[PDB]
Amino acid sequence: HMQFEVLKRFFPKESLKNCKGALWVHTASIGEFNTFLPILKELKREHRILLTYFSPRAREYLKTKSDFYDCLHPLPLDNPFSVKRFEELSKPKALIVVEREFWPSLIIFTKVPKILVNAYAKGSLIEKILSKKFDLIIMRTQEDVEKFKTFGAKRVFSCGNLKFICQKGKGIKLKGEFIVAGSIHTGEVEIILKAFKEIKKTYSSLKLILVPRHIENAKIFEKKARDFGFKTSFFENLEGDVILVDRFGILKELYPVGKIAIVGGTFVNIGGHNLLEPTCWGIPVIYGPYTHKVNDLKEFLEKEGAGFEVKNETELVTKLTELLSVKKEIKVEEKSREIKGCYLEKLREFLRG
């Protein structure tokens, strides 16, 4: 059912001709495109964009994103003739590779100036070989920068991690005093209601906004909150002690309403959901121990004093009271504007000539 686009990877479309002189951006898949999007948004204002991708999963997604590019084509197969026909048709001014995508024939056989963004060093031979073929490399940490320097890469800088850029959107305002728990799993729901109950003994006017990972469980979450003794309501309606959200697509807009956020996927062995969203609004986030799928992000937030790992119900209780009595300052957003700015300026300067 998926389009693999083999013929096109092997023998790129004659129609790339119409995209001559574009800025070439390569985003392996959906993750890379989303990581890069706050940069593409700005470059799109100053360049025609030729957008390529490697994963066949990304084609459909990327079709919905035609506002952010002029041409769309799968990465050419990694053979000198396929890579060279692509280049020869499209006459690109530069190629920005998001994250890594060490394709040897791509890198070795194209003449186009090449830029690497958001890279980390792994210390492997292939890095020793390909790193130097980039005209500009922008890395996540100064540590990674040192390693590539010892590879004889000229023009390697550090701008921080692109994945820490805030994409806040509009934000919702509600009268009241709220904790927001987002992306909560069935196995997590008990610990959070037992803690909130413990909390409410002290903060009587405090309302919990409970947003399940899967909205098909809202009714079961509500009933659970009844059995624990809470007044409950479904969002719009703020009358409950526990307000349930049964609509997808609202959670990130909803965070700014809380003094504290809790992000699920974390008290059960899921590996964690998006810890960044609440902190972008200057609000601290608590999560359980299972953050192995968002590790870089978890470590980032701890360094920033914005993220707090709790092991159980007692610790969650403890941590909530601490944060309710002393308002924690969070400067994630400003770090975000700094990461964005660092990337944009290096890229604009490089592309200037």
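The numbering used is simple: start at 1 and walk along the sequence shown.
> For the higher mean C-alpha B factor in the entry, choose 139-147 or 90-98.
Comparing 139-147 with 90-98, the higher average CA B-factor belongs to 139-147.
> Where do the C-alpha atoms have the higher mean temperature factor in this entry, in 129-137 or in 226-234?
The stretch with the larger average C-alpha B-factor is 226-234.
> Out of 152, 113, 278, 272, which shows the largest CA B-factor listed in the entry?
When the deposited C-alpha B-factors of 152, 113, 278, 272 are compared, 152 is largest.
> Using only the C-alpha B-factors in the record, can you name which of 82, 124, 161, 217 has the highest?
Comparing C-alpha B-factors across 82, 124, 161, 217, the maximum falls on 217.
> Mind checking which third residue 26 falls in for C-alpha B-factor across the chain?
Tercile = lowest for this residue's CA B-factor.
> Would you mind ranking residue 260 by its C-alpha B-factor against the rest of the chain and naming the third, lowest, middle or highest?
Within its chain, residue 260 is a middle-third residue by C-alpha B-factor, going by the deposited values.
> Within this chain's modelled residues, let me know which third the CA B factor of residue 157 belongs to: lowest, middle or highest.
Within its chain, residue 157 is a middle-third residue by C-alpha B-factor, going by the deposited values.
> Looking at the entry's B-factor column for C-alpha atoms only, identify whether residue 185 ranks in the lowest, middle or highest third of its chain.
For residue 185, whose C-alpha B-factor we compare with every modelled residue in the chain, the answer is the middle third.
> Taking only the Cα B-factors deposited for this chain, tell me whether residue 296 sits in the lowest, middle or highest third.
Middle third - that is where residue 296 ends up once the chain's C-alpha B-factors are sorted.
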